[PDB]
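Novice:
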Amino acid sequence: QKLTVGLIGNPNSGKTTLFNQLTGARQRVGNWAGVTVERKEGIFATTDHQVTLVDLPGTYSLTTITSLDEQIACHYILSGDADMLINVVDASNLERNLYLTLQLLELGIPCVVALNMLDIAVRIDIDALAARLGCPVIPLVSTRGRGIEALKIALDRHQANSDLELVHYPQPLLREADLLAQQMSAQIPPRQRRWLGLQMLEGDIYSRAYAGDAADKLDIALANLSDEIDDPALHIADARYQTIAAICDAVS
Amino acid sequence: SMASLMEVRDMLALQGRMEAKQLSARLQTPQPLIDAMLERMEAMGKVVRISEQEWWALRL
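As given, the protein sequences belong to chains A and B, one line each in that order.
To get the working numbering, take the position in the first sequence, counting from 1, and add 18.
To get the working numbering, take the position in the second sequence, counting from 1, and add 70.
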């Protein structure tokens with residue numbers, strides 16, 4: 019019945035103070051896997067699991083270009099440690115917050131969206147938002163301490179995220195990113211490899227390494243684009259920001 | 071016909087320095103989406119900022 023949840027989210031979004039109210043009393047600390055920054059693990063209980071919550075660094079994405087945080091999280095996600103995650107999402111800056119959200123859902127790993135600070139906001143169409151991401155979204159007004167209970171309950175039930183066309187990419191990029199996937203070892207779930215192929219094209223460095231014997235084919239793939247695409251790193255982050263805008267228009 | 075990352079690069083490619091205030095109004099696009107796009111490319115290394123109020127231009 020033990021459970022491990024990764025608490026990922028943007029910086030400056032009460033990820034900090036949400037982590038508090040979940041755990042509250044029990045919060046141990048440690049240095050992170052061989053470096054100088056702070057791993058903040060905590061324990062709380064639902065009426066089904068004892069959750070090991072793992073505070074991650076604040077980060078705006080998973081694109082690792084040194085600026086660790088992205089890599090620290092990109093690692094822990096791919097490590098298969100977390101049973102599921104919580105993406106903390108501020109509603110005021112949605113266009114900003116949602117880049118991380120789309121990457122986390124493409125990676126398929128079970129996620130639950132904690133919608134943040136909603137006294138800082140007026141009101142939004144949540145039911146359509148969750149169904150556009152294929153995961154559940156719990157909205158919160160935390161200073162009451164209300165809605166947290168719904169999020170404690172949401173960790174208990176959620177099995178896997180719905181299978182949706184989250185981002186519509188141009189087929190040229192998919193084509194070459196699919197090929198970078200087949201060169202990788204099947205040790206990695208095929209869903210993730212498709213993702214790692216696109217992060218490698220975006221200019222990700224931890225993916226350049228994680229994929230390994232495949233990054234030698236990265237430059238010869240990027241050459242096959244230069245013909246058709248002016249800059250592939252942008253069209254990737256663009257098509258993401260396309261569906262970002264498509265969502266934020268459909269709920270606001 | 072709503073803005074795209076490449077459309078922002080192309081915008082700064084001509085007018086160089088440019089307030090996001092201007093970019094939002096000139097590209098026919100909400101401000102906080104343009105603000106998020108710039109902040110993306112900037113960390114991606116594609117654009118950069120200037121102060122004294124904000125001004126965006128191209129490159130590393």
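Note that CB positions come from ideal geometry on N, CA and C, so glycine has one too.
Determine the burial state of B/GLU122: buried for a count of at least 16 other Cβ atoms within 10 Å of its Cβ, exposed for fewer.
Specialist: For the purposes of this step, residue 122 of chain B is identified with residue 52 of the second sequence, where counting begins at 1. By the 10 Å Cβ count, B/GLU122 comes out exposed.
Novice: Three or more C-beta pairs closer than 8 angstroms, one from the segment 97-115 of chain A and one from the segment 20-31 of chain A: is that the case here?
Specialist: yes
Novice: Counting only Cβ-Cβ distances shorter than 8 angstroms, please list the residues of the segment 239-263 of chain A near chain B, keeping chain order.
Specialist: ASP248, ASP249, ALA251, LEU252, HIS253, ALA255, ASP256, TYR259, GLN260, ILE262, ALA263
Novice: In angstroms with no decimal places, state the Cα-to-Cα distance between A/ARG209 and B/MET76.
Specialist: Position 191 of the first sequence, counted from the start, is the residue given in the question as residue 209 of chain A. Position 6 of the second sequence, counted from the start, is the residue given in the question as residue 76 of chain B. So the two alpha carbons sit approximately 28 angstroms from each other.
Novice: For A/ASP145, does the count of other Cβ atoms within 10 angstroms reach 16, so buried, or fall short, so exposed?
Specialist: For the purposes of this step, residue 145 of chain A is taken as residue 127 along the first sequence, with counting starting at 1. Exposed, by the Cβ-count rule.
Novice: Identify the contact partners of B/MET107 in chain A, using a Cβ-Cβ distance below 7 angstroms as the criterion.
Specialist: Counting from one through the second sequence, the residue named residue 107 of chain B turns up at place 37. The answer, in chain order, is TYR259.
Novice: Tell me, to the nearest whole angstrom, how far the beta carbon of A/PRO157 is from that of A/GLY165; I am working on the premise that it is less than 8 angstroms.
Specialist: Here residue 157 of chain A refers to the residue found at position 139 when the first sequence is read from its first residue. Here residue 165 of chain A refers to the residue found at position 147 when the first sequence is read from its first residue. The Cβ separation is near 6 angstroms, so the contact holds.
Novice: For A/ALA229, count the other beta carbons within 10 Å of its own beta carbon; 16 or more makes it buried, fewer makes it exposed. Which is it?
Specialist: Here the question's residue 229 of chain A lines up with position 211 in the first sequence. Classification of A/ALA229: buried, given that the 10 Å Cβ count is 16 or more.
Novice: At a cut-off of 8 angstroms, is A/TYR78 close to the ligand COA when judged by its beta-carbon and the heavy atoms of the ligand?
Specialist: With respect to the ligand COA, the structure shown offers nothing to examine, as it has no ligands at all.
Novice: Are any of the Cβ atoms in chain A nearer than 9 angstroms to that of B/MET81?
Specialist: Your numbering for residue 81 of chain B matches position 11 in the second sequence. So, not an interface residue.
Novice: Could you tell me whether the Cβ of B/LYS116 comes closer than 9 angstroms to any Cβ of chain D?
Specialist: Checking the listed chains, one finds no chain D in this structure; the protein chains it contains are A and B.
Novice: Check whether the Cβ atoms of A/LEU173 and A/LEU21 sit closer than 9 angstroms, and answer yes or no.
Specialist: In the first sequence, counting from the first residue as 1, residue 173 of chain A sits at position 155. In the first sequence, counting from the first residue as 1, residue 21 of chain A sits at position 3. For A/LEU173 and A/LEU21, yes; Cβs fall inside 9 angstroms.
Novice: Among residues of its own chain, excluding the 5 on either side of A/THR34, which ones have a beta-carbon nearer than 6 angstroms to its beta-carbon?
Specialist: As a working note, residue 34 of chain A is residue 16 in the first sequence. Contacts found: none.
Novice: So, does the CB of B/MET76 fall closer than 9 angstroms to a CB anywhere in chain A?
Specialist: Taking the first residue of the second sequence as 1, we reach residue 76 of chain B at position 6. True, the Cβ-Cβ gap to chain A drops below 9 angstroms.
Novice: Going along the chain, which residues of its own chain have a beta-carbon closer than 6 angstroms to the beta-carbon of A/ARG212, five neighbours each way excluded?
Specialist: For the purposes of this step, residue 212 of chain A is identified with residue 194 of the first sequence, where counting begins at 1. Leaving aside the five residues that flank A/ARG212 on each side, the residues in its chain whose CB is nearer than 6 angstroms to its CB run, in chain order, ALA199.
Novice: Measure the C-alpha to C-alpha separation of B/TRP125 and A/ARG114 and round it to an integer number of angstroms.
Specialist: Locating residue 125 of chain B in the second sequence gives position 55, where the first residue counts as 1. Locating residue 114 of chain A in the first sequence gives position 96, where the first residue counts as 1. Taking the straight line joining both Cα atoms gives about 19 angstroms.
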